[PDB]
Structure formats: structure tokens, C-alpha cells
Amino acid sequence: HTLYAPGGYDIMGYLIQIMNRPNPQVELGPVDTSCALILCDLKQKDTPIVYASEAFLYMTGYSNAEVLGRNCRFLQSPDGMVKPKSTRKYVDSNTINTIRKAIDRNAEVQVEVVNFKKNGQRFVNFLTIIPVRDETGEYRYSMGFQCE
């Protein structure tokens, strides 16, 4: 059965994997459940978000139906309109390249980035993205760790 994971993903399992991941690159610190986190599909074009907890939804002001299927970059514009390769007027291009390259290289990244909520409120997001290997060792997803 899958009664304890209606979201569709064993988030507890990927967090455990990260906790014990060999040679931890960035310092994650304490994550439990109430943490604002999301999971993206690396095996799907533009790494769409395939799971958004809560906390994350509450924080960003977005619903589960508003974020699932989209790339987390929409949080970079006060109107949630962020196209790939484009130039953000309020977010450091440098920062996002660090995130971009780390992701393509399956490398860990931890930065501070300017994000925006649905209503348009700006805020600093202490983000960290750690790739996740599936049952077979291949990196199929990436877990997102957001914090205001």
C-alpha cells in the first residue's frame, strides 16, 4: 500500500538517503518534515516540480496545482513569469548560474536567492538542492530545501 505517501513519493526515504549520502558537499543541517521542500524530476525536461509539501506551498503562497509541473524558477519574478535563459530584473544572474551548473553536473548547491510569493511579496530564500538517486543508483530527482 501507499497510504502514507499520497503525494506519490517516498519523501522520507530520499531525506534518509541525503542524510547518509557519501561525502556530503554542502551543510544541510536539521531537516525534519515540517520543512519547506519540493522534489523535481531530473528525468523530465526542465526538471519540473513533481511534489510540493506544505510548508513550501504555505510559504510561497502557491497551491499544489499551481506549482506541480513547473520549474521552480517561476519564484524569481513577482508575477511568476520566468522564462529559461531570460534576465531577472531583481535576482542575481550569477547566483542562478551557480544553481544551474550544479544541477546539470549533479552537484550540490546552497545559495541565498531572491524569490517572490504569489501576491508578489519579495523574500530571501536560503535554498539548497541535493540530487537524489533512485532504487537503481541513477539520479532521477532533486530535493529542494527552501527557507525564508
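Position 1 is the first residue in the sequence shown; the rest follow in order.
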property: Residue range whose averaged C-alpha B-factor is higher in the record, 113 to 121 or 78 to 86; result: 78 to 86
property: Between the two ranges 26 to 34 and 65 to 73, the one averaging a larger CA B factor in the entry; result: 26 to 34
property: Among modelled residues of the same chain, the CA temperature factor third for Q146; result: middle
property: B-factor third for the C-alpha atom of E135 within its chain; result: highest
property: Within-chain third of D46 by Cα B-factor, per the entry; result: middle
